[PDB]
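Trainee: Sharing a structure with you now.
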Amino acid sequence: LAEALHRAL
């Protein structure tokens with residue numbers, strides 16, 4: 001999830 005959020009942002 002941390003990574004998914006990095007990408008999203």
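Ordering of the structure tokens sets the chain letters (A, B, ...), residue numbers begin anew at 1 in every chain, and ligands are numbered from 1 in the order given.
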Could you tell me, as a PyMOL selection string, which residues of chain A DSSP assigns to alpha helix (DSSP H) when given the backbone?
Mentor: chain A and resi 2-8
Trainee: Limited to N, CA and C atoms, could you put the picked residues into a file as an mmCIF file, in the first residue's frame?
Mentor:
```
data_model
loop_
_atom_site.group_PDB
_atom_site.id
_atom_site.type_symbol
_atom_site.label_atom_id
_atom_site.label_comp_id
_atom_site.auth_asym_id
_atom_site.auth_seq_id
_atom_site.Cartn_x
_atom_site.Cartn_y
_atom_site.Cartn_z
ATOM 1 N N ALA A 2 1.951 1.267 0.771
ATOM 2 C CA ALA A 2 2.866 2.390 0.781
ATOM 3 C C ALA A 2 3.293 2.755 -0.649
ATOM 4 N N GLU A 3 3.631 1.715 -1.404
ATOM 5 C CA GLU A 3 4.120 1.896 -2.762
ATOM 6 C C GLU A 3 3.011 2.380 -3.688
ATOM 7 N N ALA A 4 1.836 1.769 -3.585
ATOM 8 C CA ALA A 4 0.701 2.175 -4.383
ATOM 9 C C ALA A 4 0.442 3.678 -4.222
ATOM 10 N N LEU A 5 0.537 4.120 -2.970
ATOM 11 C CA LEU A 5 0.307 5.518 -2.636
ATOM 12 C C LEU A 5 1.409 6.430 -3.181
ATOM 13 N N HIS A 6 2.664 5.976 -3.110
ATOM 14 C CA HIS A 6 3.751 6.708 -3.747
ATOM 15 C C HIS A 6 3.448 6.933 -5.222
ATOM 16 N N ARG A 7 3.021 5.889 -5.923
ATOM 17 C CA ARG A 7 2.726 6.028 -7.346
ATOM 18 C C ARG A 7 1.564 6.994 -7.577
ATOM 19 N N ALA A 8 0.469 6.785 -6.858
ATOM 20 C CA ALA A 8 -0.710 7.602 -6.983
ATOM 21 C C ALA A 8 -0.412 9.092 -6.833
#
```
